[PDB]
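Heads up, what comes next is one protein chain in two forms, each shown on its own as structure tokens, labelled structure 1 and structure 2.
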Structure 1
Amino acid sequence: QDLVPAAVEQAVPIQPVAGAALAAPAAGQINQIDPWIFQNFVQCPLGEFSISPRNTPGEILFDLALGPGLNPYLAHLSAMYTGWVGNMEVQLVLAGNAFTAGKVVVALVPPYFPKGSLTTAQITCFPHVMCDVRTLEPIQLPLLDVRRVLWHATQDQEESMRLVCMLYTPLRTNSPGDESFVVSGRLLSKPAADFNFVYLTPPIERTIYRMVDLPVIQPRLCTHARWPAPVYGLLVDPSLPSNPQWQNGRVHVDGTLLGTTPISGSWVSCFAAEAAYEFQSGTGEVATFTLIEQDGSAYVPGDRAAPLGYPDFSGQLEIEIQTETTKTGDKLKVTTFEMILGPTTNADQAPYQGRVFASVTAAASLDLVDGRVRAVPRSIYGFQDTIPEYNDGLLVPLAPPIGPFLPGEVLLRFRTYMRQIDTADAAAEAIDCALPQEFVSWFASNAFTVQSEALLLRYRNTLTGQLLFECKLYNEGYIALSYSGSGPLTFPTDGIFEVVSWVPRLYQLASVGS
């Protein structure tokens, strides 16, 4: 009587969701967009992901949220509106082989479903599409505005429908292996027929859904963020410790300054304090410094280990100060003082409590008048890359170690050389930073929104266009490279970084090496 076909094309059944019909009576305006934005799939700002045989079933490959942050045109247009309503459509492409086996599921997760941990059995209880990694053509899905409000505010994030993809079946290759074959995936989107904005406002450039960019300066023309010297090298080195705990040069991508890093590069490794001088018997002058901020304000013990720009390493410091004497026939001079920074004893060093001690040998009194001084670094002796004596021997608030790199990932280092006093070894002492200056700035000056876990960057030659490597910039302000060698590897410093897209935490980078 009836025939049931064995092969049916996949589709997602939906019930239509009302947009501006529900929002019109309570909104001030209903603003329509260009009719040709409805005709083209354009790559999402988060539009890159990867699949590897290192992955396991149940891992989330990506998750996207409905809103004007999925389309470059809509993200550009959102700067002159206060709200939005409507549905969208998403397209997915995978670059697979004929030798690869594997299945993924793309599901539609409603708002207010708890965001804990889904499993492979649960993911198929949502409206979904099952996709093979060998597909040649793109796959598309809808995104409806299931909501309890009349419309959404642009300037916040709120809660909306999500699009989550997880690895349903493990990725296998018939080849003996193991290789390092990676399947690339890209995402595109476009609004559906029932999308518009709410209220026409002036265009504000410093809005959310504004893409992050970087200053166009080569690394040679930059300033080191931990020692006052120009940047001289760019390298990766797996023989060095992997998770340092530097306190300077640390900034969040969204603009938060972590640790004791300042805004300007003239505050690095310097300090400002009120000085009092004394003489003991023959040891010379002893200077006690009560520390303040470099702009003249007062220092209060808080969530930082020291005033902004305080040195975060160990050794003996030779510094310069400006002094005035009460002697006859001699006005202001510049004096050199000796300082102890490393974890030691026989002194009471507590910059966390605003007390510092310095000294200089002298057979006379050479009395000086107390006042405000600014101390800058001149020379270093016995340098060690470890935190200083912030308190006497106690614990103070600190920025966390860098971490938590994926397997095979190493840290990119910007390298400069210090002025060092040595007797036997003539080698130049070297110090490293994660991000240079003018990168600490351009953050906290632009208040960006992260919208994802990492940023993909490409390093390129200026006048040739050759690609040197690609890297991941995490939201915590450090760069990772995929390198598996044993020795140091350096790179030319006349390149330019450029932003590609937002990528998730599990993204797999193309390997680098010699």
Structure 2
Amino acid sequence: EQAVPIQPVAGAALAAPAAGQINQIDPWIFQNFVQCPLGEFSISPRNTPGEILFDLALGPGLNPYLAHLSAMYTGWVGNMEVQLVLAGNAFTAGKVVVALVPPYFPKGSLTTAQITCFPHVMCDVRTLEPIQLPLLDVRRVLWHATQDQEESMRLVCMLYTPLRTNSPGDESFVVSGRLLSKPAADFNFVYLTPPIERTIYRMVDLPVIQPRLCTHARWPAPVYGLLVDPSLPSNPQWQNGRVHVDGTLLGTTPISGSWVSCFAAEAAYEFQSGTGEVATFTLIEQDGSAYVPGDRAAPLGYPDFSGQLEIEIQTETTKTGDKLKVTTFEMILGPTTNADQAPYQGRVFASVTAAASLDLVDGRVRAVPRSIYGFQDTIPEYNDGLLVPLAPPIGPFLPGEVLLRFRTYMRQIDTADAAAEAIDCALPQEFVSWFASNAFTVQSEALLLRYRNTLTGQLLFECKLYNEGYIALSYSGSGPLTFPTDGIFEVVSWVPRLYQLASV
């Protein structure tokens, strides 16, 4: 334990008068150093001084045992003990500084000159034993609330003096560092409350479903494969299948997978002595509601591709030659306009080459897709020719990383090509529903996933799932590569955005 210019901090002695209870923790927990989340770093000889190696806030989330225990309590108090472990031999050089930042220091960028003005310790990369530090509870309140995130003391480690070493011709040398912690003797909980299952210290989990038994987020068809291809555009701007990890739906994505590529509208039929019968649809919500224009490109579930598709609705005939018929229309979304389709304004048109008088009843219909002709993976004309609010394009990606896609095949009417079409998505609808319902709390930037075989257990690849809702693989090949669709995705831990993945 190093000497730092700081006073002792009182824990339960300050909180006892105004606390209903003071609860004790298992004494076996005070004897083990456990790995802290986001408490690891690697120093390379190509780093410049001033990089923040780690930044961790005091609280129950540092220890998994305390994070589990906090679900049955109302408050907490006390200090912690922290250990830093460095992996370097006797032929290295470089220095590191670990400082104690007070709870209310402003957030921003620090400088190596400024980091030494805090109570701090300076450590050489040749140190043998782990470095022990205290983490004290500097506060203006008597105790903290477990279900609320407040400001506490921070531990910040920054590179101070650059690493100087020799390296072999195959692999480059790095200095690894890890941080562990445990509660100090002065640490307590406050009030015994019934346990809560949805707490802020809850880890993200994924449904146990094979991708072959999932649904596609852009076209209503089962998923037929997952793959990766650097030749396709690396920054697509799809409006469907976008969802945040915390449970925020981005763009025009609906909760249910049946709303995909379909729209609900009220249809007015006008027979013209020229082209023929024309149906004009005024759009409404799929579940049934008034469409209020806002910051969305189109009503939820609207298709987000450019092409020629047909729709079928339920029609009632007023005259007496029949009583109920099912017809088929044709909607044009090609780069020709000439009909002024404005989904944002809440109106669209379609027509058929049908003779005679076929006036019908305007009583609201649901239009489902039938097929596509000349499909293009480009967003449609949400307005006349002008700009509309829409979700940002997928990205950014680190160098050497490429998006992983779930591909599926739709129908065709086109004559030229005869093999197949292909539409891709970033996540199946099951994941969208899972994230929307669970409403997790994101920690830093992204999650480390793991695709493993169901029965053999062999690891296939490791990827990164960003909070914006895309998966990136570290692939440095040339041609497209597909993967088996029988594995299960597993969550490992939270990782920083600048994290290097293992190559395929």
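Residue numbering: sequential along structure 1, first residue numbered 1. Think of the rigid core as the biggest set of C-alphas that the two forms share within 1.5 Å after superposition.
Practice problem: Would you mind telling me which residue of 239, 243, 336, 124 shifts its Cα by 2 Å or more between the two structures when the core is superposed? | Solution: One residue passes the 2 Å cut-off, namely 124.
Exercise. Please say whether, between the two structures, the C-alpha of residue 63 moves by 2 Å or more once the core is aligned.
Key: Yes: residue 63 shifts by at least 2 Å between the two structures.
Quiz item: Quick one: once the rigid core is lined up, does residue 43 have its C-alpha move by 2 Å or more between the two structures?
Solution: After core superposition, the C-alpha of residue 43 moves 2 Å or more between the two structures.
Self-check item: Flag for residue 446, CA shift 2 Å or larger between the two structures after aligning core
Solution: No, its C-alpha moves less than 2 Å.
Quiz prompt | Cα shift between the two structures at residue 79, which is computed once both forms share a superposed rigid core (Å) | solution = That residue's C-alpha is offset by 1.8 Å.
Exercise. Quote the shift of the Cα of residue 99 between the two structures to one decimal place in Å, the two forms being superposed on the rigid core.
Key: Once the two forms are fitted on their core, the shift reads 9.0 Å.
Quiz item: Rigid core superposed, residue 140 Cα shift between the two structures in Å?
Solution: In the core superposition between the two structures, the C-alpha of residue 140 moves 4.5 Å.
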